[PDB]
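Participant: Got a structure for you, questions after.
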């Protein structure tokens, strides 16, 4: 299970963690948003040592802007308040390799 955010504060809080946080940022009205649902869940399914969070821009658009996510679906990895990876497309293997790389 990938944990749900509530506000940009939640996003930022997960960001400030001294560990790999990969955020599943998509929109419920978007097409391939449903690819980020299981693919990203599958990431921490392998390595739960990383932080799994997700949020819909449909619900929180100002949050999207806070994170620099306009495209969807988007994956944002951060460490300790700074980025580590920015992706705008579910890439099953390459992004699982990403999360592990930035971790």
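The deposited model was determined using solution NMR.
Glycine too: its Cβ is placed from the backbone N, Cα and C atoms.
In case it's useful when we look at the structure, here is the feature table from Swiss-Prot:
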ACT_SITE  30  active site, nucleophile
DISULFID  30-33  disulfide bond
SITE      31  site 'Contributes to redox potential value'
SITE      32  site 'Contributes to redox potential value'
ACT_SITE  33  active site, nucleophile
CROSSLNK  54  ubiquitin cross-link
CROSSLNK  66  ubiquitin cross-link
CROSSLNK  96  ubiquitin cross-link
Participant: Give the residue from the recorded sites 31, 32 that has the most other Cβ atoms within 10 Å of its Cβ, counting over every protein chain displayed.
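Facilitator: That would be 32, with the most Cβ atoms nearby.
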Participant: Specify the nearest of the recorded sites 54, 66, 96 to residue 32 (site 'Contributes to redox potential value'), where nearness means the distance between Cα atoms.
Facilitator: 54
Participant: Helix, strand or coil for residue 96 (ubiquitin cross-link)? Use DSSP.
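Facilitator: Going by the DSSP assignment, residue 96 (ubiquitin cross-link) falls within a helical segment, counted as helix.
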Participant: Just give me the nearest neighbour of residue 33 (disulfide bond) among the recorded sites 54, 66, 96, Cα to Cα.
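Facilitator: Nearest by Cα distance to residue 33 (disulfide bond): 54.
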Participant: Starting from each candidate's C-beta and looking 10 angstroms out, tell me which of the recorded positions 30, 33 has the most other C-beta atoms.
Facilitator: 33
Participant: If you count the C-beta atoms lying within 10 Å of each candidate's C-beta, which of the recorded sites 54, 66, 96 ends up with the smallest number?
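Facilitator: Candidates: the recorded sites 54, 66, 96. Fewest Cβ atoms within 10 Å: 66.
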Participant: Here's one to test understanding: among the recorded positions 30, 31, 54, 66, whose C-alpha is closest in space to the C-alpha of residue 96 (ubiquitin cross-link)?
Facilitator: 54
Participant: Cα distance, residue 54 (ubiquitin cross-link) to residue 66 (ubiquitin cross-link), nearest Å?
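Facilitator: Distance between the two Cα atoms comes out at 14 Å.
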